[PDB]
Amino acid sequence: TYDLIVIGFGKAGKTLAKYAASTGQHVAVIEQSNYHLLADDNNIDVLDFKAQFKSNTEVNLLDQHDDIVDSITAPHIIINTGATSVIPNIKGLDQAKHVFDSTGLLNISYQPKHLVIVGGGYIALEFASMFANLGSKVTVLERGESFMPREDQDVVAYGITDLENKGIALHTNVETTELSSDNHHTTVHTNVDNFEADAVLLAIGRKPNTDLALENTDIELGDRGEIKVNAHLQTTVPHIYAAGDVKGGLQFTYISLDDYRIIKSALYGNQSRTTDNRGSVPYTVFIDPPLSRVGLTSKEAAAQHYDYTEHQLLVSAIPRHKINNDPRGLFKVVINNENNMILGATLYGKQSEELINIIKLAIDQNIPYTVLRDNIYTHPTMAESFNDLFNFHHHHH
């Protein structure tokens, strides 16, 4: 019988357990398979079992033999079980060899001479960049009509160019029909071609990890197998919360950290934090250079009928690029003309994963783009490019 139980070792549950322990509460963390910073705490018991609900109030602990070892309870339970790679139903998967998801690839024994990636998502493009830099010939197959479709399209054109210049082969409108393996190698059979590879990466998305007997509970699932949560991350049973990837939406480590803020606010604070007031959420696609994003693209701003102005700056026009010895990239911003507020930004270039946080703060705090234009920046840096990136007049659309 505990004070708080978190199920899973994600970021939200781990930091929530550490906070509750400093309060003095006795916490139970259930994790099937950093590590000491939780166990070594006097007020936290990490249980190496598999969690499975017996009711809305008690949780069964299963050993590796799927036997019930013990049952545990607490007035509040946090579900934080993450997600798993989506396995595609294709011909010859269970028999094919040298096939990997994202986790299996990160633990690969060898460097592939030819890595084929089925899937063209952000994670897929990241791995293609990481392995081209390591000398691997990389082919990636996208089923859709274009790469990174939710991103600004003449920025991604620069990204595709820089990816191709590294020897990466991109393909669009590719249906993959069959996988076969001649033992040491594996061939991917597609609509356009049949590629031979040393390793095949399945990178076609992650689906919530919802395996803990929800039939014994009143916890509901949404359209896509995610745990349904309200604005305070409450499931349909009010004393049980869901955080991280196991509920729907954005799958980021920092979103999981913000989930802890919401749940702590609901359980220990004034309950003012919700999923409706996270502020603008930035993200980075770690290609080379990194593509960082926050707010709208100009395509979205035009679709929502903003009176907007967009402006761009090639990284080759940024003098700091000469010190970096890297001319690749494109910086792009979208501005609201009514006020002078920033609607969104796409920074494709070095330091973009750091610079993007400046624009995030400006959007949240209603700092007009004129302030970023006229500000004093350190020199020589990439940040000082904001003197030029935001140096423009209204073009009224």
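The first residue of the shown sequence is 1; numbering continues from there.
- Counting the deposited residues that fall between residue 33 and residue 34 and carry no coordinates gives a value of 10 or more.
- Relative to its counterpart among 65-73 and 328-336, 65-73 has the higher mean temperature factor, C-alpha atoms as listed in the PDB entry.
- Just going by the entry, 250-258 versus 108-116 on mean CA temperature factor gives the higher value to 108-116.
- Of all the options 346, 365, 60, 370, the entry's greatest CA B-factor is assigned to 60.
- When the C-alpha B-factors of 161, 316, 216, 284 are ranked from the entry, the top spot goes to 216.
- The PDB entry assigns residue 308 a C-alpha temperature factor belonging to the lowest third of its chain's modelled residues.
- Ranked by C-alpha B-factor against the other modelled residues of its chain, residue 300 falls in the lowest third.
- Per the PDB record, residue ranking by Cα B-factor puts residue 169 in the middle third of the chain.
- For residue 226, the recorded CA temperature factor ranks within the middle third of the chain's modelled residues.
- Sort the chain's modelled residues by C-alpha temperature factor and residue 266 lands in the lowest third, per the entry.
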